[PDB]
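See below for the structure under consideration.
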RNA sequence: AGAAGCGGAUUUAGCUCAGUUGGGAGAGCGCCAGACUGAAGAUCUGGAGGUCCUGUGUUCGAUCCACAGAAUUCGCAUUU
RNA sequence: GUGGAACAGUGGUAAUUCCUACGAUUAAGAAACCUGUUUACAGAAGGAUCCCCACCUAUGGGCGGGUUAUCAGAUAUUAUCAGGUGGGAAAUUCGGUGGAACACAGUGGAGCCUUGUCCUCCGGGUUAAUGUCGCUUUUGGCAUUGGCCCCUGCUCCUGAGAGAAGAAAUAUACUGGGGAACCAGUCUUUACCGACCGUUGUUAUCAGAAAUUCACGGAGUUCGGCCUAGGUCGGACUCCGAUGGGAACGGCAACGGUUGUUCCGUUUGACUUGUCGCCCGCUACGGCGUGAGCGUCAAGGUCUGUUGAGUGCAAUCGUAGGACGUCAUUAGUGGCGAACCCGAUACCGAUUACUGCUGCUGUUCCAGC
Ligand SMILES: [Mg+2]
Ligand SMILES: [Mg+2]
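Protein chains in written order, with UniProt numbering: chain A, 530 to 613; chain B, 2 to 147.
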């Protein structure tokens, strides 16, 4: 067996929240700051999981007919200022 | 560093010149009647000696000098009558026009040459030839099943 | 005329190759000459023959040490 | 000192000039080549209106049976097509990353010892205590002990990259060269005090006293003994001695005390095949048949599982027209858009080959007075 058992007295039970985000069609999971990396390191050790860049996130928002704030929002103040 | 030489696939097709013999009108039947067989005295050196003589008598000497720099027959088998000629990318026009004017072999006459596939690599030409022969087997199997 | 990318080895007389506390620039073969034979080979003696891959810099002095620029060539379960 | 012309060095940046169209298939991936038009739906799932026959009620209507007409956003089209194809360097391989989770030396195990010392920078300054020696509220000098103070230049995981040397100089620490911005090596970075680590071997022959602080000769100072017109002896320090590149703890090569050293193993895969175990049915000593089920193990069976290029006997095309730039003309057009070079997993730094632009520096020539 390859595991470490749980103890109610001396093991750090964390809160974990996984929610669906509707228009961007993606599942976001929220967690405390120093807890994220023990969750994050075990993710892509599954051999069918890769990481995303911000240009890749812009490509994902472009593919699903969605919108993006630094680029595809020219109407707003900060978007117009930064983009232009 | 490498060399950008193009390969040309050609196939020997025999037109069924039979004026007194009747003919059957179908697709795979005329594929059988054109893709019959190669004759006995057909090899690599015979096709090379014939195509160099056609290059001499048709295109000349200095054109034959430009063509015969990398004029080699890399792969050929008489069971299927398909061959691959290596050439340059500049004189590929000259090699295909020499393949067009092939009239007869010195032993067997009454034949045409079909240049089918040209590419700068031989591995994709082999992949195209397997797919083309697979389509030929599809046509043969469709006419054989019905 | 079978690339691309990776590691190892390596360049010294015409050739094949040594060699180096860092202080002399070499051996075998080849060429020429001497010796020898009636003549020739072999053996033996002597001479001619240098871009130590090139360059920088270190040092008092570079085949050697450091750096830079070239490359030579093997291997990738191969004899194409 | 200025302006022009030419050359040279370094730093930064760019490279198919761009657009348009075309390049055989019912055998539907043949211009050279690749990818894509795959999260299946017409609120047609008991759909809507309508025809005929029979039934019940009447001011509307509903049910049953039969064939079947119309309709599903631009009354249409089921069978077409789109986009891209070399770079600063892809050459060079010097490097490292995708294995490490912020030093948690990425983790574990074994062996050895000096057995992993919460240790100490040396060194400089202040403060307190003690003891000695000279002035006499008291101060000064020396030695010990205890306490404090003494400087991550920037980004980055790594490799590396570039900035400035007013705390002592004119050349901006030292040394050598460059024609100057500067280059190379040893270094330091708000050091409000500086700090070139130790060991081993080498500098061949000669020279010189000596080739590594061996020793020797001379002069000066201080101390001790014999001794007292101050003569001699010993020890310590400083300076000098013809030679050679040379006496300078200077130059070269190798090794480490840093938080103990060393060894061993992976944390790296996806499909295919084979075995084993788990639930269902038959049978009951281990058995057999299916789940397009799961976990472990093995296999030179495969890796276009491939990347707004992805080849692997190594594709990155041909042509026409238009727009722009440069150069030469006899009527107005012609030529050229290159040089170097070219993937093979991707990333970034540095170096090398060439063109053009830009800033600085140096040299030469020519004048305004
Ligand atoms: Mg390459
Ligand atoms: Mg390379």
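Every residue, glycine too, gets a C-beta built ideally from N, C-alpha and C.
In the DSSP output, what is residue 548(A) paired with across the bridge? 557(A), per the DSSP bridge assignment.
Quickly, what does DSSP pair residue 74(B) with across the bridge? List them, please. Under DSSP, the beta-bridge partners assigned to residue 74(B) are 86(B).
Distance between beta carbons of residue 100(B) and residue 11(B), contact taken as under 8 Å: Correct: roughly 6 Å between the Cβ atoms.
Quick check: the Cα distance between residue 53(B) and residue 73(B), rounded to an integer number of angstroms? When rounded, the distance between both Cα atoms is 10 Å.
So, using beta-carbon positions, are residue 66(B) and residue 143(B) closer together than 8 Å? Taking 8 Å as the cut-off, the beta carbon of residue 66(B) is found no closer than this to the beta carbon of residue 143(B).
What residue ranges within the stretch 108–133 of chain B form continuous beta strand (DSSP E) runs of no fewer than 3 residues, ordered along the chain? The qualifying runs are 113–120.
Cα-Cα separation between residue 609(A) and residue 583(A), rounded to whole angstroms: Counting only the Cα atoms, residue 583(A) lies some 19 Å from residue 609(A).
Simplified DSSP state of residue 14(B), which is helix, strand or coil: Look at residue 14(B) here: in three-state DSSP terms it is strand.
What are the boundary residues of the alpha helix (DSSP H) that includes residue 49(B)? Per DSSP, residue 49(B) belongs to the alpha helix (DSSP H) from 45–60.
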